[PDB]
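Colleague:
Number of protein chains: 8
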Amino acid sequence: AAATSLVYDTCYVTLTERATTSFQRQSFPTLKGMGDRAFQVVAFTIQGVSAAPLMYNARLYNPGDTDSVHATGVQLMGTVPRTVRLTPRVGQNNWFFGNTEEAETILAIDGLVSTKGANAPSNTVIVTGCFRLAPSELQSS
Amino acid sequence: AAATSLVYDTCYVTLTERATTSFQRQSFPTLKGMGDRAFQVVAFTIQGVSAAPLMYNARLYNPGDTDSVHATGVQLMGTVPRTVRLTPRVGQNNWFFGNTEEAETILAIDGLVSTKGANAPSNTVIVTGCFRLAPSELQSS
Amino acid sequence: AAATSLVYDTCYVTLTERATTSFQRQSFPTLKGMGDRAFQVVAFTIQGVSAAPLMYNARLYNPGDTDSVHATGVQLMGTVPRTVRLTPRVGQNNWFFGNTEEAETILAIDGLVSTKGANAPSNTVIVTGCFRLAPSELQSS
Amino acid sequence: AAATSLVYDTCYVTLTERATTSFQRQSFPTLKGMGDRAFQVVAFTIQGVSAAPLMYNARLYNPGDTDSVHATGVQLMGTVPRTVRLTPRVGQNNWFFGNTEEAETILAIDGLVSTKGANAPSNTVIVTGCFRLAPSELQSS
Amino acid sequence: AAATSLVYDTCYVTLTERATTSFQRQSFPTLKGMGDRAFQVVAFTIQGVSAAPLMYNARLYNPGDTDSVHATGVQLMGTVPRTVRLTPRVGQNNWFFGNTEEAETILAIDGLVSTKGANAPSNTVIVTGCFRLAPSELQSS
Amino acid sequence: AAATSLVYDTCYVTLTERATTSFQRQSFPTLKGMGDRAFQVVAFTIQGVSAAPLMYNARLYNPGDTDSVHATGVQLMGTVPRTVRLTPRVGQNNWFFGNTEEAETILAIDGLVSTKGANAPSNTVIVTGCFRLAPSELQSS
Amino acid sequence: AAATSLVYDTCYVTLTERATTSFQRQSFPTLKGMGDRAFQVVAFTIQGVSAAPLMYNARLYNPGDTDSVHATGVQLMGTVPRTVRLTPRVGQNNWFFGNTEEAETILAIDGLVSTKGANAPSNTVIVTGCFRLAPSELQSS
Amino acid sequence: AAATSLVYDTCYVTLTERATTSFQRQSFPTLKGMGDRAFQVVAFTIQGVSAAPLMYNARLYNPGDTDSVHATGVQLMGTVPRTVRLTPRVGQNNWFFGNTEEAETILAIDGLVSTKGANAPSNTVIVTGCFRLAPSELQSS
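Those sequence lines, one after another, are chains A, B, C, D, E, F, G and H.
Convert by adding 16 to the 1-based position in the first sequence; the result is the number in the authors' numbering.
Convert by adding 16 to the 1-based position in the second sequence; the result is the number in the authors' numbering.
Convert by adding 16 to the 1-based position in the third sequence; the result is the number in the authors' numbering.
Convert by adding 16 to the 1-based position in the fourth sequence; the result is the number in the authors' numbering.
Convert by adding 16 to the 1-based position in the fifth sequence; the result is the number in the authors' numbering.
Convert by adding 16 to the 1-based position in the sixth sequence; the result is the number in the authors' numbering.
Convert by adding 16 to the 1-based position in the seventh sequence; the result is the number in the authors' numbering.
Convert by adding 16 to the 1-based position in the eighth sequence; the result is the number in the authors' numbering.
1) Name the chain G residues whose beta carbon is nearer than 7 angstroms to that of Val29/H?
2) Contact check, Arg101/H vs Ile125/H under 8 angstroms by CB: the rounded distance?
3) Say whether chain E places a C-beta atom closer than 8 angstroms to the C-beta of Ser152/C.
4) Alpha carbons only, please: which of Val65/H, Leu22/H and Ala134/H is nearest the one belonging to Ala54/H?
5) Where does the unbroken beta strand (DSSP E) through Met71/H begin, and where does it stop?
6) Alpha carbons only, please: which of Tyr24/E, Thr131/E and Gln42/E is nearest the one belonging to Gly114/E?
7) Sorted by chain position, which residues of the same chain lie with C-beta nearer than 7 angstroms to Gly89/F's C-beta, five sequence neighbours on each side aside?
8) According to DSSP, what are the bridge partners of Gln108/A?
9) Starting from the beta carbon of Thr82/E, find every residue of chain D whose beta carbon is closer than 7 angstroms, and list them in chain order.
10) Using only the alpha-carbon positions, how far apart do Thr32/E and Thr131/E sit?
11) Using only the alpha-carbon positions, how far apart do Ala18/E and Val29/H sit?
12) For chain G, is any of its Cβ atoms less than 8 angstroms away from the one on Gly64/B?
13) If the criterion is Cβ atoms closer than 8 angstroms, does the pair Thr140/A and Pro69/B meet it?
14) Indicate whether at least one CB of chain C lies closer than 8 angstroms to the CB of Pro97/B.
15) Taking Cβ-Cβ distances shorter than 9 angstroms, what residues in chain I pair up with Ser157/C?
16) For a contact defined as C-beta to C-beta under 8 angstroms, what are the partners of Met71/C on chain B?
17) Can you tell me which residues form a DSSP beta bridge with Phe44/D?
18) Rounded to the nearest angstrom, what separates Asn109/E and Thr121/E at their Cα positions?
19) Using three-state DSSP, classify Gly64/D as helix, strand or coil.
20) Which residues, in order along the segment 90 to 117 of chain C, keep a beta-carbon less than 9 angstroms from a beta-carbon of chain E?
21) Interface residues of chain H around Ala54/G at Cβ under 8 angstroms?
22) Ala67/D touches chain H at which residues, Cβ-Cβ below 7 angstroms?
23) Which of the three DSSP states is assigned to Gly145/D in this structure?
24) If distances are taken between C-alpha atoms only, which option among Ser157/B, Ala59/B, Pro97/B and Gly107/B comes closest to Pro79/B?
25) Shortest alpha-carbon distance to residue 182/E belongs to which of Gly64/E, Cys27/E and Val58/E?
26) At what residues does the beta strand (DSSP E) containing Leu22/C begin and finish?
27) Just to confirm my understanding: we take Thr26/C, look at its own chain, exclude 5 residues before and 5 after, and list those with CB closer than 8 angstroms. What are they?
28) Is the distance from the Cβ of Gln40/H to the Cβ of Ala119/H below 8 angstroms?
29) Tell me the residue span of the beta strand (DSSP E) that contains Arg98/E.
30) Can you name the residues of chain D whose CB is closer than 8 angstroms to the CB of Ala18/E?
31) Given that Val23/D touches chain B, what residues does it touch there, using C-beta distances under 7 angstroms?
32) How should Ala134/D be labelled, buried or exposed, when 16 other C-beta atoms within 10 angstroms of its C-beta is the threshold for buried?
33) So which residues on chain D does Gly145/B lean against when the C-beta distance must stay under 9 angstroms?
34) Within this structure, are the beta carbons of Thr20/F and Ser152/E separated by less than 8 angstroms?
35) Hey, does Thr46/A have any beta-carbon neighbour from chain G nearer than 8 angstroms?
36) Classify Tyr24/H as buried or exposed, calling it buried when 16 or more other Cβ atoms lie within 10 Å of its own Cβ.
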């Protein structure tokens with residue numbers, strides 16, 4: 017098969033009170049490492065855990081798009097860890113090119129708390145990304 | 017059968033903020049006791065529990081290896097206890113000899129917290145090891 | 017059938033930092049009440065709950081034995097209650113006689129915390145015992 | 017399973033004219049090594065060989081028993097090696113504790129020759145023991 | 017089979033008003049005869065007959081036990097003979113050694129009459145014992 | 017069943033050049049012990065072993081018989097042990113009474129060597145006897 | 017699954033008259049890029065083409081091995097392209113670590129011509145490597 | 017098939033009282049002959065015979081290992097010849113290279129006698145080795 021190399025990477029972070037957190041090409045070790053490659057993503061590992069009531073939403077972004085077209089949906093947490101997977105279907109699948117941009121926004125998560133202007137309980141969310149990579153350009157003498 | 021003696025031992029510990037914790041030959045009562053024997057391990061009992069959001073990864077090490085080749089994978093906790101088993105397959109199975117070294121690193125667990133430079137909530141993880149032992153050299157007059 | 021009377025009793029307690037807790041003949045209302053009877057135990061109801069990470073082990077003791085021969089095994093807790101049953105099989109079944117001893121140690125639980133010299137979170141464990149009793153000696157005129 | 021560690025050890029010796037030979041806790045490397053542990057035995061490997069007519073009997077001893085209750089039975093030898101296995105059934109199974117006694121007699125073999133006061137031909141008998149061990153007491157902080 | 021010799025013996029006696037009657041090693045011809053042997057019992061033949069209303073209870077005793085753990089149960093009689101068999105199951109089966117004690121109490125029967133301080137009608141009870149014997153130690157030159 | 021007690025005993029000895037060896041009531045521990053009992057035998061365990069070429073024949077004797085009527089048959093030995101069983105059928109079964117005779121000849125073995133007037137190589141033969149015993153006369157007040 | 021990222025890379029080269037050509041960690045774009053990672057290889061794509069009669073042999077090397085233990089076997093070419101795959105089986109599978117060595121020899125190909133000291137016809141061979149990679153160490157705060 | 021040449025060789029020797037006997041690359045004609053080749057072994061032919069009681073144990077050694085990880089197990093002999101085969105399974109299979117070392121220890125046998133400091137009866141043991149050989153490096157012009 018003319019099948020290419022496939023990849024899996026994980027990342028972990030803390031949410032915040034009034035902000036969205038961006039996972040860029042550079043947030044994923046393997047992808048960020050090369051700095052000049054074409055990649056695409058198919059599915060996601062998302063595990064969450066909150067010390068106290070807290071919500072999150074992982075908006076996925078398509079290449080060259082002003083705004084996101086897909087929603088993980090608002091989630092809660094609690095002690096027990098909660099896992100949600102987000103997989104795009106044909107058409108929400110366009111290719112990303114982070115070779116020309118030092119900074120690009122793939123996927124990100126806005127946080128959220130019900131009580132107005134109140135700080136988010138200590139919590140940790142870990143998201144793992146499954147990427148498909150186009151062949152490393154073999155150097156052509 | 018020329019089958020040898022098999023063994024099971026348990027151990028419990030607390031994680032830390034910026035550190036990896038090593039379980040050496042001496043961390044397991046039965047194994048550590050003899051001080052001069054050849055052993056091998058097949059499977060593991062790993063139970064975890066955190067008072068608040070906390071992560072762990074149990075890297076397994078092969079004999080005479082500079083770096084580990086296998087990953088339990090990043091985990092979360094929460095109140096409820098979480099159990100993960102790590103079993104090596106052929107080739108990740110080499111034999112250990114702690115007879116010549118007072119200190120040897122079998123398996124260990126790095127801890128981890130999402131929030132930069134923040135201390136790990138009180139938590140306890142207990143790992144149980146299933147070891148296979150070569151016959152006690154019968155003294156030969 | 018020459019079947020005798022069978023009994024069921026429950027008891028609840030708190031663990032401690034550096035200590036084992038003994039459940040004696042007198043810890044069980046029905047058994048302790050008579051003060052002069054022969055009893056035997058077959059199975060156990062053990063429910064646990066910890067406010068924060070904490071471990072326990074219920075060692076079972078056989079009659080006229082210096083040391084215990086069976087292990088419930090190290091356990092964790094968390095909010096959700098955890099239940100473990102310990103049932104002895106032939107040979108771990110010998111009869112107890114608390115008639116001649118004011119104090120006798122049937123079963124007990126050592127507590128345990130991972131962090132060196134740290135106090136146990138508030139927690140409550142309840143153990144229920146299923147006992148078999150020999151006939152009340154009918155008074156013989 | 018709450019299954020414990022199981023063990024296998026071998027030992028070899030020469031018989032004598034008017035004497036019984038005792039295999040104590042210390043006769044078995046693994047068992048003798050710890051010096052403070054509870055063990056039990058289930059089955060035995062017994063191979064024999066005599067340069068000339070000679071008999072043996074392996075009496076098995078139960079814990080805290082003045083005299084043995086089971087008999088391998090008188091055996092002969094000859095060149096060809098002869099193997100007999102002795103396995104106790106429920107009730108002949110009590111647990112041994114060699115932790116408090118430096119010297120304890122588990123199993124032993126009296127030798128025997130038909131001709132009055134005549135020395136035993138050169139011969140070697142090897143007995144292998146299959147032991148079940150209770151968990152190494154995990155140190156409890 | 018390494019099967020040993022098995023034995024059957026019978027004995028007969030009269031009950032009494034305020035007393036228990038003990039059947040010791042010496043109460044059974046075959047067993048009492050040797051005076052230095054290890055025996056065990058499996059089942060019993062117990063036939064009774066009373067000239068007038070009278071009760072009996074055959075308590076069975078285990079080796080090295082302060083008190084009995086099993087009860088034939090209170091019985092009546094009448095003219096017709098009544099037979100009851102008492103067979104111990106695993107655990108109520110321990111071995112007896114009457115070699116070191118001139119007097120040892122195996123099984124016994126307390127008598128009993130309903131009417132306070134009244135004498136027992138003339139009556140005869142016969143109990144037969146089925147014993148298992150360990151091999152006669154073959155003299156070892 | 018009105019079934020009586022059955023018994024099993026073993027004995028070992030050395031053969032000789034020009035002689036027959038007699039196993040009398042007193043040669044069997046259990047039987048010899050009582051000194052006043054009626055017994056009968058059904059089958060035999062006969063194991064042999066010779067350091068060098070040697071023959072044996074176990075003639076069985078019936079009660080009150082001048083001469084034996086049955087023949088084990090001439091046997092050889094060699095290193096490997098050889099076992100032969102001799103079981104009498106109806107009519108070769110008469111009962112023995114050693115109560116009135118201090119010395120009585122049950123079964124015996126003549127030895128034998130091919131070379132005229134030459135001594136028998138060192139060798140040991142062990143014969144085990146299976147006896148049926150009539151009830152111990154219960155003492156009759 | 018705890019399945020890791022897998023990779024595929026291709027490379028092309030010219031053979032020589034009296035020499036072996038080494039493909040090191042740095043010969044494969046993806047692998048060479050990171051410069052500090054653990055990888056393993058399972059199967060190979062090897063296509064060859066010679067302008068005139070020429071032979072090649074791809075010896076595979078195991079980690080920390082003085083000499084190669086496996087042989088693609090001598091091959092010929094001709095115009096038509098010839099493809100051979102080399103896949104190691106358990107035991108020829110050890111892991112490679114090129115993190116500590118700038119230069120390491122994975123696999124290589126010696127060339128070969130039948131005619132003594134004659135130059136190799138112009139020819140091109142392309143080998144593609146299928147590698148398995150251990151997770152990128154997630155940075156642990 | 018790219019199948020290589022396989023080999024079979026035999027060797028015979030005498031044991032000793034207090035010593036282990038080493039079979040090195042040079043102990044096997046075919047293997048020793050080349051002096052510069054890579055070989056591996058799969059199974060063994062081991063026949064033994066002792067004039068009098070004697071024991072042996074064939075410990076197998078893996079490449080670049082301080083100590084052996086597998087045990088043939090203690091054996092007896094006697095006149096009749098006894099044969100035991102030792103075959104390593106994946107992981108106990110590493111390759112040997114005796115090309116760089118004049119002397120290397122593959123497999124060896126310690127002898128053994130039950131009676132303290134007593135000499136071993138005359139005896140002969142013959143071991144046959146089944147080896148797998150990597151291709152003879154075809155000279156490459």
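Ideal Cβ positions, reconstructed from N, Cα and C, are used throughout, including at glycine.
Modeller: In brief:
1) By 1-based counting over the eighth sequence, the position of residue 29/H is 13. Near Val29/H there are no residues of chain G at all, since even the closest Cβ is about 30 angstroms away, more than 7 angstroms.
2) Taking the eighth sequence and counting its residues from 1, the one referred to as residue 101/H is at position 85. Taking the eighth sequence and counting its residues from 1, the one referred to as residue 125/H is at position 109. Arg101/H to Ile125/H, Cβ: 14 angstroms. No contact.
3) As a first step, residue 152/C is located in the third sequence; it is residue number 136 there, counting from the start. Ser152/C does not count as touching chain E.
4) Numbered from its first residue, the eighth sequence carries residue 54/H at position 38. Closest by alpha carbon: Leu22/H.
5) The residue you call residue 71/H lines up with position 55 of the eighth sequence. Start and end: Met71 to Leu76.
6) Within the fifth sequence, residue 114/E is the residue found at index 98, counting from 1. Ranking the options by Cα distance to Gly114/E, first place goes to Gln42/E.
7) One-based indexing of the sixth sequence puts residue 89/F at position 73. Only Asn73 meet the Cβ criterion.
8) In the first sequence, counting from the first residue as 1, residue 108/A sits at position 92. DSSP, once it has assigned bridges, lists no residue as partnering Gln108/A.
9) Within the fifth sequence, the letter at position 66 stands for residue 82/E. None at all; the shortest Cβ gap to chain D is about 16 angstroms.
10) As a position in the fifth sequence, residue 32/E is number 16, starting the count at 1. As a position in the fifth sequence, residue 131/E is number 115, starting the count at 1. One C-alpha to the other measures close to 14 angstroms.
11) Indexing the fifth sequence from 1 puts residue 18/E at position 2. Indexing the eighth sequence from 1 puts residue 29/H at position 13. Whole-angstrom Cα-Cα distance: 41 angstroms.
12) Indexing the second sequence from 1 puts residue 64/B at position 48. No, its Cβ sits nowhere closer than 8 angstroms to a Cβ of chain G.
13) Taking the first residue of the first sequence as position 1, residue 140/A is located at position 124. Taking the first residue of the second sequence as position 1, residue 69/B is located at position 53. It is a contact, given that the beta carbons lie within the stated cut-off.
14) Translated into positions along the second sequence, residue 97/B becomes position 81. So yes, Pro97/B belongs to the interface.
15) In summary, chain I is missing from the structure at hand, where the protein chains are A, B, C, D, E, F, G and H.
16) For the purposes of this step, residue 71/C is identified with residue 55 of the third sequence, where counting begins at 1. Those within 8 angstroms of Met71/C in chain B are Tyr28, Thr140 and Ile142.
17) Here residue 44/D is taken as the residue at index 28 of the fourth sequence, counted from 1. According to DSSP, which records beta bridges pairwise, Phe44/D is partnered with nothing at all.
18) Mapped onto the fifth sequence, residue 109/E falls at position 93. Mapped onto the fifth sequence, residue 121/E falls at position 105. The alpha-carbon atoms of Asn109/E and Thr121/E are separated by roughly 15 angstroms.
19) As a working note, residue 64/D is residue 48 in the fourth sequence. Residue state, collapsed to three classes: strand.
20) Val106, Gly107, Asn109, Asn110, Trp111, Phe113, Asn115 and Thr116
21) Translated into positions along the seventh sequence, residue 54/G becomes position 38. Under the 8 angstroms cutoff, chain H gives no residues; its nearest Cβ is about 20 angstroms from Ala54/G.
22) One-based indexing of the fourth sequence puts residue 67/D at position 51. Within chain H, the residues near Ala67/D are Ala68 and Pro69.
23) Start at 1 with the first residue of the fourth sequence, and residue 145/D comes out as number 129. Note: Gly145/D maps to strand in three-state DSSP.
24) Numbered from 1 along the second sequence, position 63 holds the residue referred to as residue 79/B. The residue with the shortest Cα to Cα distance from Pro79/B is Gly107/B.
25) Examination of residue 182/E is not possible in this model, given that chain E is present from 17 through 157 alone.
26) Taking the first residue of the third sequence as 1, we reach residue 22/C at position 6. Here the beta strand (DSSP E) through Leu22/C covers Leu22 to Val29.
27) Stepping through the third sequence from its first residue, residue 26/C is reached at position 10. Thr61, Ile142, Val143, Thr144 and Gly145, listed in sequence order.
28) In the eighth sequence, counting from the first residue as 1, residue 40/H sits at position 24. In the eighth sequence, counting from the first residue as 1, residue 119/H sits at position 103. It is a contact, given that the beta carbons lie within the stated cut-off.
29) As a first step, residue 98/E is located in the fifth sequence; it is residue number 82 there, counting from the start. Here the beta strand (DSSP E) through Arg98/E covers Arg98 to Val100.
30) Residue 18/E sits at position 2 when you count from the first residue of the fifth sequence. Per Cβ cutoff of 8 angstroms: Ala87, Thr88 and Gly89.
31) In the fourth sequence, the residue the question calls residue 23/D occupies position 7. Ordered by position in chain B, the residues that pass the 7 angstroms Cβ test against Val23/D are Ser21.
32) Reading the fourth sequence from its first residue, position 118 is the one you call residue 134/D. Under this definition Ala134/D is an exposed residue.
33) Locating residue 145/B in the second sequence gives position 129, counting from the first residue. Correct list: empty, because the minimum Cβ distance to chain D is about 11 angstroms.
34) Along the sixth sequence, one-based indexing puts residue 20/F at 4. Along the fifth sequence, one-based indexing puts residue 152/E at 136. Cβ distance not < 8 angstroms, so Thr20/F and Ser152/E don't count as in contact.
35) If you number the first sequence from 1, residue 46/A lands on position 30. It does: the Cβ of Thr46/A has a partner Cβ on chain G nearer than 8 angstroms.
36) Taking the first residue of the eighth sequence as position 1, residue 24/H is located at position 8. Looking at its Cβ environment, which holds fewer than 16 other Cβ atoms inside 10 Å, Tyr24/H is exposed.
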